[PDB]
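Note sheet for the following structure.
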Amino acid sequence: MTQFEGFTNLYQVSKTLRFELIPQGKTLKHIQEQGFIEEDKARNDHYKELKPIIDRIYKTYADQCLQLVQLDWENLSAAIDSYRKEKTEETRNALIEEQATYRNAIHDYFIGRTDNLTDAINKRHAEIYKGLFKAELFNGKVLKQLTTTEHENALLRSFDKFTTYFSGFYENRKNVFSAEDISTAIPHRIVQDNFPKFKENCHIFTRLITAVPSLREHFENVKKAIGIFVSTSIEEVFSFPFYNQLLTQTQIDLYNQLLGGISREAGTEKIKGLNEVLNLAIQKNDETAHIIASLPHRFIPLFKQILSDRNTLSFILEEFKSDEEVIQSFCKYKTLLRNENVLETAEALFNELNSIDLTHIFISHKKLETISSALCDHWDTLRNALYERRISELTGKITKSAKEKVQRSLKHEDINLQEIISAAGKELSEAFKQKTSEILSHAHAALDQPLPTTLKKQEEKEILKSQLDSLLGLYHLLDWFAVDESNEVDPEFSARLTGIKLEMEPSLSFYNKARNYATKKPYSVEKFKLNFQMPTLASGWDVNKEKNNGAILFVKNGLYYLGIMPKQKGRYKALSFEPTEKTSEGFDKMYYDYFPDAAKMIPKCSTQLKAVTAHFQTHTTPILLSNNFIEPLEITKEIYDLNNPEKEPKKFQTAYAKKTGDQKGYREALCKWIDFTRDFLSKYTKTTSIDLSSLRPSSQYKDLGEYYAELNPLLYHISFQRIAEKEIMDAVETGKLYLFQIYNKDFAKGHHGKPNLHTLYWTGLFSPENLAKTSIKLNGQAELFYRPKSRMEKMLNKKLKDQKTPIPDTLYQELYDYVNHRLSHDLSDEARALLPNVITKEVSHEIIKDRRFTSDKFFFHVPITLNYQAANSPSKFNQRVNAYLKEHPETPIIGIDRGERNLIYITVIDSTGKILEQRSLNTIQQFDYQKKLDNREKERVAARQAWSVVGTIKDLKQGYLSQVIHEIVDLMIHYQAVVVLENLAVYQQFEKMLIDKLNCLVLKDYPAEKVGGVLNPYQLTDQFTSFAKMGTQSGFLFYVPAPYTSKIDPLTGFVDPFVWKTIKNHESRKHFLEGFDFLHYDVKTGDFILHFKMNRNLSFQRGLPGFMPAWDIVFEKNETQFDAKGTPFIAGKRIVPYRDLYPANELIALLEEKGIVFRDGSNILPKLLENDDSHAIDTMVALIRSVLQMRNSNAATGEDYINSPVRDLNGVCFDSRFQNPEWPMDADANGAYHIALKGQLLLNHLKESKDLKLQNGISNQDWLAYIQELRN
RNA sequence: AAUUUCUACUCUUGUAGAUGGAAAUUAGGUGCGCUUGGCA
DNA sequence: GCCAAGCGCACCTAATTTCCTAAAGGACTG
DNA sequence: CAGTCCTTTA
Ligand code: NA
């Protein structure tokens, strides 16, 4: 029998804590004298300079290995097809194995174990890959297999006797060449990223060529016109064998540029690619265009190779290199425009247009729509005015063919200025005159305005952009005129225009060159890693490593301290601190005794020793180890062969038992290995004294992971011993010990409130109850940072005299300027009405914005592990949760939904579907986070347009979501409920933050001993790995599809069954109305009733029969109803593209226009069909579509309600405008309600099942039939 | 309007909630400029 | 003005991998 | 030569 408090201590969770370090005594002084911080940055900067140089070895070697790859991808394609064909778990595992096989085939080119290459070439790669992740990179040996310059050689020697600084970097480069299913790797990018894209490209290609064969020669011309793949036809680049030549970045770039085309410098025609050719063919809007548009018509570009440098054949602008370079160069080009008098020449040309012949001044067709939008009401007016005047001068019977010829002519021909004026009216000339002088005056007012001295201030950046906008505005104006000699251009005008047009041409690149520099991020100060010339600083906390790592911890009178022991005179000298009797003044110094993962440390210290492996290469006799063993440990060939099988799975692993299938052999090898580890642990110096009597006999462990999950907690112990006070002050004065105080806001002197959750982890780690039984472990590989300084009366409360209501942001800064007596104008009306109810604080001490960044500070990052008694990973976590849910049928459900007018909307229901609580999370704690987020995004968009600093919105999102995470888990724990989400910005981040919080949930008000306390965290969600590897369920979290959660009637489950893309023409609309049985007027109730059988109109439905065989759709009588607050609204009102529609009144109007008698309950449909009015039937169909549109919304009105078109078995038509709290209050509440109900389906189907496995996915038909069977 | 850091704060030289760091890679987005076209 | 398919640039955002180590191994020093 | 200490490991 399970309980809710049983979901604790199920798997380990690792977190990192951050603190500030406060130097003590002479600590800060000795560091400045030894130059540690100075050389820590220099070594940091040498790393950043050397990293790209070292990457040349990886990039070159990886690129060289990928050039010889030749594989047959036919098997991989068949596994992809079979998984898309049948969605069974057998085809998934077949594809996963097939991908792993191909990843290893690529990996064998790196390590040199592929049968495709000869032994001489195959062995040469192994000699490189061996020393590819250690100090052999710096020998130049690997580069000798593939010449260093003096500065590079000087950079290599900067890490002499210090190559451990690249320790984590070595792991990042193993992630590049790894064969595992990790996205950081090259084999994964080839097999699972680019090939499915390339395989899809081949299918898109052949489908287009078969339907439109003319597209074949057209694609071939694009390939020949660019010059890519000259030795390969267009059909072969869309065949599988060519993908072997698409494994390097240069080939991937050429492949992507065949799809995307090539751009020259700005302002010139671009080389089109395959996707642009298809896009233009569709925009012709002919019969062929509709066929191409029906098929897939966009090839997918391949992803880049890992670590590779992207190449492009397009033009890259020259980058301005300094601040004054843009001022000196622009002012030089700016002062050149005065001497040439290009403004006076331009002002004279546009003044010529008042008297010269305008029938020879031509406007470009590529600019006609832009000019129409800049001088007239819309882009349409000019093209339409020319259309009407040209139709006005056609000859004879103006057919519709002659009109289409006039339309097509206006798309691709230059119009003379006279025909535009004669067709648009005199008001265009006034618009042309006003716009021309407006642009000319701004350019004239900008050439004489001097540039600033520097670009330091934003006000100086603005005037540079303002003058460039005026220059680009004149450059834009000149491009209005046609340049092609196909038109009869004026002799003098075309020569003078082309002259000043080419003299304004460099201004376009100056705009882009200036923006590419002025919008660059300013230099900011960043924290950097400290080492104190110790390559393994704070690597581990063990007592055997205190001299090597030079880091220990103290706790004195509730305060925590970090001690650093630097090298004295370039030599290590472990200043042995002497434990002393208690009560003597000093610090409780921690003694950290730890033996790491036994799965690797025991083989490392015994069975994998070089002497053991070498001995068993020749001899079969046992070998006895004596070094670091209190008694000799025996290694037999039977034991050595178990951990060195030469078969991929070791015989004591579950993989061997699951692959082979012999339980007699598996349980024998498992028992013989556990007995060997017990023999090791009893004799090894680090573990011989550890009492392991709690471990059960070896033959009782079912698998090895279960044994290691019980052994590792016994290999870690922490204890404290008092140290002499006088001994540390000596070690601090001499400089042999640097002492800091591990500090945060909860250790300030004035601190008196609740602690931060991270500090409860910290104090709980060192609580005496945790030292006896370890729940939280202190982990190694900590880091120290040093970030320099970054930045450089009366105060006002944000809330009123009552603490609940806040001052609006528009009135806060105005009141703060007033109480400080620095407001330079009259105080506004409402701000003066809020004056008496305002709370003012007197500045008793300076409170400085961003105080941490104004001074230099040290920082300390240390990782910990919670739930240390549990295993590293859980086993059957979802099945453990589902076992609880079957024993707790009344577990409520919390449905979280992403709304259209709400960031997050939640709805809590009980086990039977009744709503218990519904709320929008746009605002929480009386703060509108939606408006703040939306106003922040507007500011960031305007910042990019104004070349200002953009800023950060991710810090505002996390702060909002944290308040959301707090509110959701409270509802989760109070209700012991299940959270349901949508299956796929603000919502994606909320999902991860919710899983992480429930992976290791600690409530700061619970006592440490209780479930939920710091020593017994809650674990409600499955262990997070990645989003791709996650399924439908993660513990108490569930994911359901979003379709049919909003536009669904919460009283019946009804949805709109028809797809309106198929009801397109008159004959289809007539057959659609013939599928309905009757439509008549109810005299008593006053509304219309439309009866529809679900088995009719099958060609117009979405294929979802649901559960009801028929439905009574009603045209609700447009009465005036009132909600629970007395606010009026019209029943049946619909909002369509917006306008308000009243269908029942619009229907009565239609029937009276046709004289159709309906007040006798007569069936109306046969009368409309027999009369066969084209306009009346199309209106009748539109009315039905409006009635079936439940979700009616208009942003300006604030409306977003659900109004059901069907009446339930209880005679009610649901309308969220009644504001009944028992039911959804709007459309977003209706989504969250039905999301929780989709999760209820999963829990309802779990109890009827005999297994503990949830059903994967919810089909729309199973959901509609389920929810309709319930409500009817 | 102070913070390991973030958000919201101020009866309190601080309060409430949250907080996996670092390294590495990749993908996407926003804005601007430009090219060819579409806007029934 | 909007939109489509692209290209160049500026910066912002997030997903996914690794480690969270004492001790063996061995190159260098005195 | 063996101690020291950075490098590399399971
Ligand atoms: Na607090």
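So you can find residues: chains in the structure tokens are A, B, ... in the order shown, residues in each start at 1, and ligands are numbered from 1 in order.
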
Exercise. Taking only C-alpha atoms (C1' of nucleotides) into account, which residues of chain A are within 8 Å of chain C, as a VMD selection string?
Worked result: chain A and resid 168 171 to 172 175 182 to 184 260 to 263 270 272 to 273 275 to 280 314 to 317 370 373 378 to 379 512 515 to 517 519 to 521 539 to 540 542 544 to 545 594 to 596 604 to 605 609 779 to 782 863 950 952 954 1026

Now that the selection is made, can you save its residues with C-alpha atoms as a PDB file, in the first residue's frame?
```
ATOM      1  CA  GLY A 168      37.401  19.898 -19.274  1.00  0.00           C
ATOM      2  CA  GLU A 171      36.092  16.112 -22.599  1.00  0.00           C
ATOM      3  CA  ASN A 172      34.435  18.632 -24.925  1.00  0.00           C
ATOM      4  CA  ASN A 175      32.145  14.743 -27.340  1.00  0.00           C
ATOM      5  CA  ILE A 182      24.956  12.610 -28.410  1.00  0.00           C
ATOM      6  CA  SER A 183      24.218  15.721 -30.461  1.00  0.00           C
ATOM      7  CA  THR A 184      27.689  17.200 -29.866  1.00  0.00           C
ATOM      8  CA  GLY A 260      19.914  29.137 -51.169  1.00  0.00           C
ATOM      9  CA  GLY A 261      21.810  30.898 -53.938  1.00  0.00           C
ATOM     10  CA  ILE A 262      24.600  33.462 -53.834  1.00  0.00           C
ATOM     11  CA  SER A 263      24.422  37.196 -53.121  1.00  0.00           C
ATOM     12  CA  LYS A 270      21.194  37.902 -56.501  1.00  0.00           C
ATOM     13  CA  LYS A 272      18.836  32.379 -57.324  1.00  0.00           C
ATOM     14  CA  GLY A 273      18.832  28.940 -55.728  1.00  0.00           C
ATOM     15  CA  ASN A 275      14.136  27.128 -53.363  1.00  0.00           C
ATOM     16  CA  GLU A 276      13.827  30.586 -54.940  1.00  0.00           C
ATOM     17  CA  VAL A 277      13.119  29.082 -58.368  1.00  0.00           C
ATOM     18  CA  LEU A 278      10.334  26.991 -56.832  1.00  0.00           C
ATOM     19  CA  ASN A 279       9.008  30.034 -54.964  1.00  0.00           C
ATOM     20  CA  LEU A 280       8.877  32.081 -58.173  1.00  0.00           C
ATOM     21  CA  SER A 314      28.510  35.506 -51.079  1.00  0.00           C
ATOM     22  CA  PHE A 315      29.940  38.990 -50.594  1.00  0.00           C
ATOM     23  CA  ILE A 316      31.160  39.971 -47.119  1.00  0.00           C
ATOM     24  CA  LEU A 317      31.415  43.703 -46.460  1.00  0.00           C
ATOM     25  CA  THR A 370       6.500  51.210 -52.769  1.00  0.00           C
ATOM     26  CA  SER A 373       2.334  53.235 -50.255  1.00  0.00           C
ATOM     27  CA  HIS A 378      -2.372  52.102 -49.953  1.00  0.00           C
ATOM     28  CA  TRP A 379       0.011  50.233 -52.224  1.00  0.00           C
ATOM     29  CA  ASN A 512      25.575  48.800 -43.491  1.00  0.00           C
ATOM     30  CA  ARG A 515      25.420  49.730 -38.408  1.00  0.00           C
ATOM     31  CA  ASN A 516      27.616  46.617 -38.246  1.00  0.00           C
ATOM     32  CA  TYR A 517      29.972  48.524 -35.916  1.00  0.00           C
ATOM     33  CA  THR A 519      25.481  48.036 -32.818  1.00  0.00           C
ATOM     34  CA  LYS A 520      28.336  45.876 -31.516  1.00  0.00           C
ATOM     35  CA  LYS A 521      28.183  44.876 -27.866  1.00  0.00           C
ATOM     36  CA  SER A 539      39.645  19.375  -7.562  1.00  0.00           C
ATOM     37  CA  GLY A 540      38.775  17.217  -4.560  1.00  0.00           C
ATOM     38  CA  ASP A 542      39.986  14.404   0.335  1.00  0.00           C
ATOM     39  CA  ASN A 544      45.080  12.640   0.845  1.00  0.00           C
ATOM     40  CA  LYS A 545      44.686  15.513  -1.648  1.00  0.00           C
ATOM     41  CA  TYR A 594      35.979   9.672   0.235  1.00  0.00           C
ATOM     42  CA  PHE A 595      36.452   6.749  -2.139  1.00  0.00           C
ATOM     43  CA  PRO A 596      34.902   7.547  -5.549  1.00  0.00           C
ATOM     44  CA  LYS A 604      41.564   1.174 -11.447  1.00  0.00           C
ATOM     45  CA  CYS A 605      43.361   0.282  -8.205  1.00  0.00           C
ATOM     46  CA  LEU A 609      46.898  -2.029 -13.070  1.00  0.00           C
ATOM     47  CA  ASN A 779      31.242  17.169  -4.256  1.00  0.00           C
ATOM     48  CA  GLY A 780      34.650  18.030  -5.656  1.00  0.00           C
ATOM     49  CA  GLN A 781      35.702  20.006  -8.723  1.00  0.00           C
ATOM     50  CA  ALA A 782      34.815  23.370  -7.219  1.00  0.00           C
ATOM     51  CA  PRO A 863      28.536  21.293  -6.400  1.00  0.00           C
ATOM     52  CA  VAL A 950      19.154  45.812 -26.554  1.00  0.00           C
ATOM     53  CA  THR A 952      17.998  41.126 -21.524  1.00  0.00           C
ATOM     54  CA  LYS A 954      15.552  36.138 -20.105  1.00  0.00           C
ATOM     55  CA  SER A1026      16.806  15.638 -22.381  1.00  0.00           C
TER      56      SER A1026
END
```

How close does each residue of chain D get to chain A, giving the shortest atom pair and distance in Å to one decimal for every residue with an atom at most 8 Å away, counting only C-alpha atoms (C1' of nucleotides), sorted by chain and residue number, as CSV?
```
residue,atom,partner,partner_atom,distance
D:6,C1',A:161,CA,6.2
D:7,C1',A:164,CA,7.0
D:9,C1',A:604,CA,7.2
D:10,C1',A:600,CA,4.1
```

Problem set entry | Among listed residues A:1204, A:1255, A:494, A:945, nearest chain B (using only C-alpha atoms (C1' of nucleotides)) |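 Among A:1204, A:1255, A:494, A:945, it is A:945 that comes nearest to chain B.
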
Exercise. Can I get the residues close to ligand 1 as a list in words, where close means within 7 Å and we count only C-alpha atoms (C1' of nucleotides) and all ligand atoms?
Worked result: residues 753, 754, 755 and 756 of chain A; 15 and 16 of chain B

Those same residues, written as a PDB file, in the first residue's frame with N, CA, C and O atoms (P, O5', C5', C4', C3', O3' and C1' of nucleotides)?
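Result written to result_1.pdb:
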```
ATOM      1  N   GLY A 753      15.632  36.773   8.534  1.00  0.00           N
ATOM      2  CA  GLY A 753      14.496  36.137   7.907  1.00  0.00           C
ATOM      3  C   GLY A 753      14.816  34.739   7.401  1.00  0.00           C
ATOM      4  O   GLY A 753      15.837  34.129   7.735  1.00  0.00           O
ATOM      5  N   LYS A 754      13.901  34.227   6.577  1.00  0.00           N
ATOM      6  CA  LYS A 754      14.039  32.881   6.051  1.00  0.00           C
ATOM      7  C   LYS A 754      15.268  32.792   5.150  1.00  0.00           C
ATOM      8  O   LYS A 754      15.608  33.751   4.452  1.00  0.00           O
ATOM      9  N   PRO A 755      15.952  31.654   5.147  1.00  0.00           N
ATOM     10  CA  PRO A 755      17.148  31.507   4.318  1.00  0.00           C
ATOM     11  C   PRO A 755      16.799  31.196   2.871  1.00  0.00           C
ATOM     12  O   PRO A 755      15.707  30.725   2.548  1.00  0.00           O
ATOM     13  N   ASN A 756      17.758  31.480   1.993  1.00  0.00           N
ATOM     14  CA  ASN A 756      17.650  31.021   0.619  1.00  0.00           C
ATOM     15  C   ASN A 756      17.677  29.499   0.584  1.00  0.00           C
ATOM     16  O   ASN A 756      18.300  28.846   1.425  1.00  0.00           O
TER      17      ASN A 756
ATOM     18  P     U B  15      16.717  39.421   5.706  1.00  0.00           P
ATOM     19  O5'   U B  15      15.308  39.868   5.109  1.00  0.00           O
ATOM     20  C5'   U B  15      14.210  40.170   5.959  1.00  0.00           C
ATOM     21  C4'   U B  15      12.927  40.305   5.175  1.00  0.00           C
ATOM     22  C3'   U B  15      12.536  39.101   4.332  1.00  0.00           C
ATOM     23  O3'   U B  15      11.883  38.092   5.080  1.00  0.00           O
ATOM     24  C1'   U B  15      12.356  41.061   3.027  1.00  0.00           C
ATOM     25  P     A B  16      12.038  36.551   4.657  1.00  0.00           P
ATOM     26  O5'   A B  16      11.208  36.436   3.302  1.00  0.00           O
ATOM     27  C5'   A B  16       9.788  36.422   3.323  1.00  0.00           C
ATOM     28  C4'   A B  16       9.206  36.204   1.948  1.00  0.00           C
ATOM     29  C3'   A B  16       9.774  35.045   1.144  1.00  0.00           C
ATOM     30  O3'   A B  16       9.258  33.784   1.531  1.00  0.00           O
ATOM     31  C1'   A B  16       9.619  36.949  -0.235  1.00  0.00           C
TER      32        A B  16
END
```

For this session: With a distance threshold of 7 Å and counting only C-alpha atoms (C1' of nucleotides), extract the residues of chain A near chain B and express them as a PyMOL selection string.
Result: chain A and resi 15-16+18-20+168-169+172+184+266-270+280+283+512+744-745+750-751+847-848+861+941+944-945+955-956+959-960+962-963+966

Residues of the last selection are to be written out with C-alpha atoms, as a PDB file, in the first residue's frame.
```pdb
ATOM      1  CA  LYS A  15      23.126  21.001  -7.834  1.00  0.00           C
ATOM      2  CA  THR A  16      25.749  23.747  -7.773  1.00  0.00           C
ATOM      3  CA  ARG A  18      27.390  29.838  -5.497  1.00  0.00           C
ATOM      4  CA  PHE A  19      28.796  32.077  -2.765  1.00  0.00           C
ATOM      5  CA  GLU A  20      30.935  35.168  -2.304  1.00  0.00           C
ATOM      6  CA  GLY A 168      37.401  19.898 -19.274  1.00  0.00           C
ATOM      7  CA  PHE A 169      38.304  20.952 -22.813  1.00  0.00           C
ATOM      8  CA  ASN A 172      34.435  18.632 -24.925  1.00  0.00           C
ATOM      9  CA  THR A 184      27.689  17.200 -29.866  1.00  0.00           C
ATOM     10  CA  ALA A 266      24.168  44.895 -51.653  1.00  0.00           C
ATOM     11  CA  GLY A 267      22.076  46.597 -54.319  1.00  0.00           C
ATOM     12  CA  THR A 268      22.804  44.078 -57.095  1.00  0.00           C
ATOM     13  CA  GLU A 269      20.850  41.135 -58.477  1.00  0.00           C
ATOM     14  CA  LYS A 270      21.194  37.902 -56.501  1.00  0.00           C
ATOM     15  CA  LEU A 280       8.877  32.081 -58.173  1.00  0.00           C
ATOM     16  CA  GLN A 283       3.957  32.895 -57.499  1.00  0.00           C
ATOM     17  CA  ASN A 512      25.575  48.800 -43.491  1.00  0.00           C
ATOM     18  CA  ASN A 744      25.821  35.167   1.053  1.00  0.00           C
ATOM     19  CA  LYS A 745      22.961  37.398   2.213  1.00  0.00           C
ATOM     20  CA  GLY A 750      21.423  42.078  10.126  1.00  0.00           C
ATOM     21  CA  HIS A 751      19.991  38.912   8.569  1.00  0.00           C
ATOM     22  CA  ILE A 847      21.480  51.960  -1.086  1.00  0.00           C
ATOM     23  CA  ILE A 848      23.367  51.807  -4.392  1.00  0.00           C
ATOM     24  CA  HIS A 861      31.054  27.648  -6.969  1.00  0.00           C
ATOM     25  CA  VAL A 941      12.673  45.787 -30.602  1.00  0.00           C
ATOM     26  CA  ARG A 944      17.581  47.246 -32.301  1.00  0.00           C
ATOM     27  CA  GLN A 945      15.901  49.737 -34.647  1.00  0.00           C
ATOM     28  CA  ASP A 955      16.197  37.443 -16.584  1.00  0.00           C
ATOM     29  CA  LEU A 956      12.651  38.833 -16.473  1.00  0.00           C
ATOM     30  CA  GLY A 959      11.784  35.766 -12.392  1.00  0.00           C
ATOM     31  CA  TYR A 960       8.183  35.458 -13.556  1.00  0.00           C
ATOM     32  CA  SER A 962       9.867  31.253 -10.606  1.00  0.00           C
ATOM     33  CA  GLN A 963       6.758  32.862  -9.122  1.00  0.00           C
ATOM     34  CA  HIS A 966       6.161  28.467  -6.645  1.00  0.00           C
TER      35      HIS A 966
END
```

For this session: Could you jot down the atom CA of residue 146 of chain A to atom CA of residue 110 of chain A separation for me, Å, one decimal place?
Result: 14.3 Å

Strand (DSSP E) positions in segment 766-895 of chain A, given as a compact mmCIF listing (two decimals) with N, CA, C and O atoms, in the first residue's frame:
```
# COMPACT_ATOMS: atom_id res chain seq x y z
N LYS A 777 25.70 15.33 -0.09
CA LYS A 777 27.14 15.12 -0.18
C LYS A 777 27.82 16.35 -0.76
O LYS A 777 27.29 16.98 -1.69
N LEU A 778 28.98 16.69 -0.23
CA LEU A 778 29.81 17.75 -0.78
C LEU A 778 30.69 17.17 -1.88
O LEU A 778 31.50 16.28 -1.63
N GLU A 783 35.17 25.60 -8.09
CA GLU A 783 35.88 26.65 -8.80
C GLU A 783 35.85 27.94 -8.00
O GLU A 783 34.96 28.17 -7.17
N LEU A 784 36.84 28.78 -8.25
CA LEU A 784 36.95 30.11 -7.66
C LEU A 784 37.04 31.14 -8.77
O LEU A 784 37.74 30.92 -9.76
N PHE A 785 36.33 32.25 -8.61
CA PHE A 785 36.27 33.28 -9.63
C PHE A 785 36.58 34.64 -9.03
O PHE A 785 36.48 34.85 -7.81
N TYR A 786 36.95 35.58 -9.90
CA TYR A 786 37.25 36.95 -9.51
C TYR A 786 36.74 37.86 -10.62
O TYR A 786 37.36 37.97 -11.68
N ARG A 787 35.59 38.50 -10.39
CA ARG A 787 35.12 39.45 -11.39
C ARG A 787 35.42 40.87 -10.94
O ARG A 787 35.11 41.24 -9.80
N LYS A 794 16.04 61.03 -0.52
CA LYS A 794 14.78 60.45 -0.07
C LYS A 794 14.41 59.32 -1.02
O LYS A 794 14.83 59.30 -2.18
N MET A 795 13.61 58.39 -0.51
CA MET A 795 13.18 57.24 -1.29
C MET A 795 11.67 57.04 -1.14
O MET A 795 11.04 57.57 -0.23
N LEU A 796 11.11 56.26 -2.07
CA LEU A 796 9.67 56.13 -2.21
C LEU A 796 9.27 54.67 -2.27
O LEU A 796 9.90 53.88 -3.00
N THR A 840 6.92 57.16 2.45
CA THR A 840 8.24 57.70 2.13
C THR A 840 9.25 57.22 3.17
O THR A 840 8.98 57.24 4.37
N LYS A 841 10.41 56.79 2.69
CA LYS A 841 11.51 56.35 3.54
C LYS A 841 12.63 57.38 3.53
O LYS A 841 12.95 57.95 2.48
N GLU A 842 13.22 57.61 4.70
CA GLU A 842 14.35 58.52 4.83
C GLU A 842 15.65 57.75 4.64
O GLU A 842 15.82 56.67 5.21
N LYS A 857 35.24 41.43 -6.32
CA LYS A 857 34.78 40.40 -5.40
C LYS A 857 35.26 39.03 -5.87
O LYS A 857 35.45 38.79 -7.06
N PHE A 858 35.46 38.14 -4.90
CA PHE A 858 35.76 36.74 -5.17
C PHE A 858 34.48 35.92 -5.08
O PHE A 858 33.53 36.29 -4.39
N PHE A 859 34.46 34.79 -5.79
CA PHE A 859 33.27 33.95 -5.84
C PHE A 859 33.65 32.48 -5.80
O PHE A 859 34.75 32.09 -6.21
N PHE A 860 32.73 31.67 -5.30
CA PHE A 860 32.99 30.27 -4.99
C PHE A 860 31.81 29.44 -5.47
O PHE A 860 30.69 29.61 -4.98
N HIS A 861 32.06 28.56 -6.43
CA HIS A 861 31.05 27.65 -6.97
C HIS A 861 31.40 26.23 -6.52
O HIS A 861 32.49 25.73 -6.82
N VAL A 862 30.47 25.59 -5.81
CA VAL A 862 30.71 24.25 -5.30
C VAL A 862 29.49 23.37 -5.58
O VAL A 862 28.35 23.77 -5.29
N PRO A 863 29.67 22.19 -6.15
CA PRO A 863 28.54 21.29 -6.40
C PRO A 863 28.26 20.36 -5.23
O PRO A 863 29.14 20.02 -4.44
N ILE A 864 26.99 19.95 -5.13
CA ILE A 864 26.54 19.02 -4.11
C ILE A 864 25.65 17.98 -4.78
O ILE A 864 25.27 18.10 -5.95
N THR A 865 25.31 16.94 -4.02
CA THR A 865 24.43 15.87 -4.48
C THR A 865 23.40 15.59 -3.40
O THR A 865 23.76 15.25 -2.27
N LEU A 866 22.12 15.74 -3.75
CA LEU A 866 21.02 15.43 -2.84
C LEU A 866 20.50 14.02 -3.11
O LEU A 866 20.72 13.45 -4.19
N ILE A 893 -6.36 16.87 -10.55
CA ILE A 893 -5.57 17.14 -11.75
C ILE A 893 -5.45 18.65 -11.92
O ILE A 893 -6.44 19.37 -11.83
N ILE A 894 -4.22 19.11 -12.16
CA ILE A 894 -3.93 20.52 -12.39
C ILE A 894 -3.52 20.67 -13.85
O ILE A 894 -2.43 20.23 -14.24
N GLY A 895 -4.38 21.29 -14.65
CA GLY A 895 -4.13 21.46 -16.06
C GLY A 895 -3.57 22.84 -16.36
O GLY A 895 -4.24 23.84 -16.17
```

For this session: Just list the residues in segment 933-1162 of chain A DSSP gives alpha helix (DSSP H) on the backbone, as JSON, numbers by chain.
Result: {"A": [933, 934, 935, 936, 937, 938, 939, 940, 941, 942, 943, 944, 945, 954, 955, 956, 957, 958, 959, 960, 961, 962, 963, 964, 965, 966, 967, 968, 969, 970, 971, 972, 973, 974, 975, 986, 987, 988, 989, 990, 991, 992, 993, 994, 995, 996, 997, 998, 999, 1066, 1067, 1068, 1069, 1070, 1071, 1072, 1073, 1074, 1143, 1144, 1145, 1146, 1147, 1148, 1149, 1150, 1151, 1152, 1153, 1154]}

For this session: Show which residues sit within 9 Å of residue 292 of chain A, as a list in words. Count only C-alpha atoms (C1' of nucleotides), and ignore same-chain residues fewer than 6 positions away.
Result: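 In the requested form, the answer reads residues 208, 211, 212, 278, 281 and 282 of chain A.
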
Could the residues in this selection be written to a file with C-alpha atoms, as an mmCIF file, in the first residue's frame?
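Output below, filename selection-v3.cif:
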```
data_model
loop_
_atom_site.group_PDB
_atom_site.id
_atom_site.type_symbol
_atom_site.label_atom_id
_atom_site.label_comp_id
_atom_site.auth_asym_id
_atom_site.auth_seq_id
_atom_site.Cartn_x
_atom_site.Cartn_y
_atom_site.Cartn_z
ATOM 1 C CA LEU A 208 8.388 17.382 -58.330
ATOM 2 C CA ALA A 211 4.653 15.771 -61.729
ATOM 3 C CA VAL A 212 6.406 18.661 -63.509
ATOM 4 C CA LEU A 278 10.334 26.991 -56.832
ATOM 5 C CA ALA A 281 7.213 29.226 -60.068
ATOM 6 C CA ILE A 282 4.473 29.125 -57.422
#
```

Exercise. What is the distance between atom CA of residue 456 of chain A and atom CA of residue 507 of chain A, in Å to one decimal?
Worked result: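 Straight-line distance from atom CA of residue 456 of chain A to atom CA of residue 507 of chain A works out to 22.9 Å.
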
For this session: Skip residue 1069 of chain A itself and residues of its chain fewer than 3 positions away, then list as number ranges by chain all residues within 8 Å of it, counting only C-alpha atoms (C1' of nucleotides).
Result: A: 1063-1066, 1072-1073, 1177-1178, 1181

Would you pick out the contacts of residue 122 of chain A at 12 Å or less, using only C-alpha atoms (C1' of nucleotides), so that residues sharing its chain but fewer than 6 positions from it are not included, and give the list as a compact mmCIF listing (two decimals) with C-alpha atoms, in the first residue's frame?
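Once written, out-v9.txt looks like this:
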```txt
# COMPACT_ATOMS: atom_id res chain seq x y z
CA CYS A 65 38.91 11.38 -42.05
CA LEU A 68 37.39 8.87 -47.29
CA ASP A 108 35.95 3.62 -37.17
CA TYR A 109 37.36 6.15 -39.64
CA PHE A 110 38.50 8.27 -36.68
CA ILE A 111 39.98 5.51 -34.51
CA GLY A 112 41.09 3.32 -37.42
CA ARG A 113 39.04 0.11 -37.25
CA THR A 114 37.16 0.16 -40.56
CA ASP A 115 37.54 -2.57 -43.17
CA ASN A 116 37.39 0.03 -45.97
CA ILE A 128 46.86 10.24 -33.87
CA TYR A 129 43.57 9.50 -32.08
```
